[PDB]
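Taken one at a time, structure 1 and structure 2 that follow are two forms of one protein chain, written as structure tokens.
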Structure 1
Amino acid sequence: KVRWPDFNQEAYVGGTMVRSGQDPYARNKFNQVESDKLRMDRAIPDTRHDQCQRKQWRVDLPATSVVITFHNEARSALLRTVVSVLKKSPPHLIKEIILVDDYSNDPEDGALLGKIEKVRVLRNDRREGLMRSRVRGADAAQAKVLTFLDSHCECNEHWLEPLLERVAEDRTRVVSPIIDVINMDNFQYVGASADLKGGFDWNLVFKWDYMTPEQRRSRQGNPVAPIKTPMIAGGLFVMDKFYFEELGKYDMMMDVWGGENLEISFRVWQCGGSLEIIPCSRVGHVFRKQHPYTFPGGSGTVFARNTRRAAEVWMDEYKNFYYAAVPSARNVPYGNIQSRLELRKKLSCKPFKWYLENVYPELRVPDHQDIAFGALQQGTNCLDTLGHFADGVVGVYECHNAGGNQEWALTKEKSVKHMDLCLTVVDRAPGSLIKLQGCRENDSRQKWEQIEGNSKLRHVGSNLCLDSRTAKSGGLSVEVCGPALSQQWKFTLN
């Protein structure tokens, strides 16, 4: 084997560099030319808080098996990740670095790195995705603690010890470093804000949440204290191996990418453990805006399938908010989840309601979906009853956004209603003024439908549209649908 300082990075990276004139973002969705310019052991800024250099950890920390899966990764980025682990970690704490080559196009990307000290390469015989790939690496791990890292990261000064200390003290703690930013355009390494936590909206997409005023205030005594987080980013974390196994590893039916970070986060919290972000542990990551690799069936479908598997097993009744926020997800088969449901039962996990109240109280539950009230706007004007009642005409007036005579509802029976009065086409003759009359389910004269991107109101069964061109001559009328500005009506919820 060769010690990493002696690895021929030039020969390794040189065999896949971007040709002149070719798109430097095509293969990885990050600038490969800039990644290739960097040395495998390039220096990076110490982004840690000053108090970190004084924080201590036990001497007898458990060694870890570092698992890095990868699929068509840029050679320079993959090598740099491996070297950062070897250079920035105490050798006695790195039992091995397991590279799981998830069926990359060129087997040499991984095989060539197998000559480096402590690197073990496991190539999947077929594409497996990150979930099954991480499990393969974990299953092969010989250490008592697992460390997962994406294949485009750069570990910082004393990044490992703070993480291991947490797990050595309590095996049920799943911890992650503050993830610094490696710019996808010019690869500069920049420190992430330390006032963040992992979170998500009801569309179940991971996002970074900024701490509330009180949370920041409470950390003034010790700014580098662990940060309990509702969710971990997903690709960078440390976990006791036996705990990873007994808690259920990963849902093996999840494919490619997405949703597994949500699943393990819910599972760990609901089933007794905890998730932490450790300020003194810093690791940079090349964040991208798009995945460069393929998703069988499309990324949208795969993400929805994986997410449904997580939601259907862990969120209880709250899963309905996900389907409300993401309608397209309801029509996505997700397969059998019995093994996971049984896992939850066996582990005697707490309900999702408990998770929301005790772990993520910041996430607000949305109101139930129902018919919405609002204004029908045209320019800066709003459909106005004019203060009229039955048999009276309607018109338009400057919107005041105070409801009242400008508040309407587009009902399911297709009426345009204000309280108990509805817009009525008393005369279909083009140019006829419409009138307000009591709403009746079986009055065909009160039926309207939105058309053209919900920008107009057409009387059902006719080619007549609500028109304000007669507003100064008696009130709104029905007119042959045409390109007139006077026929534009937008429903704004309020």
Structure 2
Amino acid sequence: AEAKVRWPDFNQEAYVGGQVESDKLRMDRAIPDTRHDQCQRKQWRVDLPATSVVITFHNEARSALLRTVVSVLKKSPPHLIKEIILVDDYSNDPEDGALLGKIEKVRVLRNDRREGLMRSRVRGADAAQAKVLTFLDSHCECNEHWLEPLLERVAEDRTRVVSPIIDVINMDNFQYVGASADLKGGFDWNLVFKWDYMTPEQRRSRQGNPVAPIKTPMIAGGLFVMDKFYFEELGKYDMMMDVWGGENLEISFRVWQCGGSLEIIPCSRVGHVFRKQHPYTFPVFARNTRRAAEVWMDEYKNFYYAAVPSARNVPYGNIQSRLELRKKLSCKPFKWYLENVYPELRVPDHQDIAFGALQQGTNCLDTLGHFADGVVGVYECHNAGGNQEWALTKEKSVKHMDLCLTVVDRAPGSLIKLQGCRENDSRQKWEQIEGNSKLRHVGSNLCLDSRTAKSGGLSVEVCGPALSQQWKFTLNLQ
């Protein structure tokens, strides 16, 4: 009638009643412990800073919202939970939120109108009372001893921003499934999140301790833990971002560049319900992405626009207060981030005309592992690099490592060969034509052509209508 109640006495049958398989689960339903064996018995500390848990939402399924909430209360030592702040971001039925205010520790905040996730998180952060923030989606389920490992890290160094491994809760059947602990957040020049294997070096490093924290260039997304002061000092979130994501890019760039670090803490596990086709699970409105790139990427932004020319036409708002933030924080340049934080991301030479994979539909130019005077071919694109990595240079050659596509015989039907690059060589000079849709051999009417793949390899051929002569570099600078 007016009282707060302990989570087990909450009337879930009532709340939920008033995909579907969500309402079938109990609010405190059991889930497999997906942790490494060594997390089992590590001894976590009593003397850790309590946290305010901000969960922001807009028309979340009640069964899932509730499940997140109890998940936190059930699996976190209660002395480390100061409060759980739910930010209702103008859900249509205010009751979805307000009803949960009845539970111990929960506090619910309402928005007049859709403010989006960024602004909602800032609201929750501001309302928080604890020294440390924990942000979670409205559809998560925390696993055993999920919280202590995160807090241990920020307690020790305020400038760490730490994420759990994010397990997967299936959107259809709600099976809780363990994710890998052997991956890092990354991206391609199109600023699309991808997962990376660890440094063959980094793997060795971890032999002595397989559950050690792991530095990550790019945050997996929204579940993370951060000192409240630090959060505010580094400028919170970009309040001008619209509700379509890519705040992950901006926060990752900002923390790293401005002196902080990002981490993934393998002993910390939180399930998440992934939407269909989300970039975490399946391998673009650019506003937010441009706001990141135009403030943080210095001149490398031009590789983003090389990958995504469409994006140069997307208006992105005023970024002045953000540029000023960067100045004040004396943040290091993007060049530094690439060299120190994400050296494995392949960066074109600043005088390369085009770079990346050279693809024809969904096939990619491939060396076939043919390291000297070899013929060349195609494989299905795999968006790793290696044998599928090429550049069009200032010198006008199509090169992979220090080998160059070479017209060895100008007769139509002649196979091209991969030879050592020489700037002398007229036989290794190529140019883009027809709006960067083909490769013509400079000084001829010969075009790179896959007609012959099944019969020897790629060939030079008289430039024509053939679609076996269509080739697009992933990045073009013209």
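For residue numbers, the reference is structure 1: its sequence is counted from 1. C-alpha atoms forming the largest set that superposes within 1.5 Å between two forms make up the rigid core.
*Of the two rigid parts between structure 1 and structure 2, do residue 281 and residue 468 both belong to the same one?*
Same part, no.
_Relative rotation of the two rigid parts between structure 1 and structure 2, taken as the smaller one's turn in degrees_ = Expressed in whole degrees, the smaller part rotates by 63 degrees between structure 1 and structure 2.
*For residue 353, what C-alpha shift in Å results between structure 1 and structure 2 following superposition on the rigid core?*
Residue 353 is displaced by 0.7 Å at its C-alpha.
*asked:* Superpose the two forms on the rigid core and tell me the Cα shift of residue 55 between structure 1 and structure 2 in angstrom.
replied: So the C-alpha of residue 55 has moved 2.5 Å between structure 1 and structure 2.
_Core-fitted comparison between structure 1 and structure 2 - CA shift at residue 234, Å_ = Residue 234 is displaced by 1.9 Å at its C-alpha.
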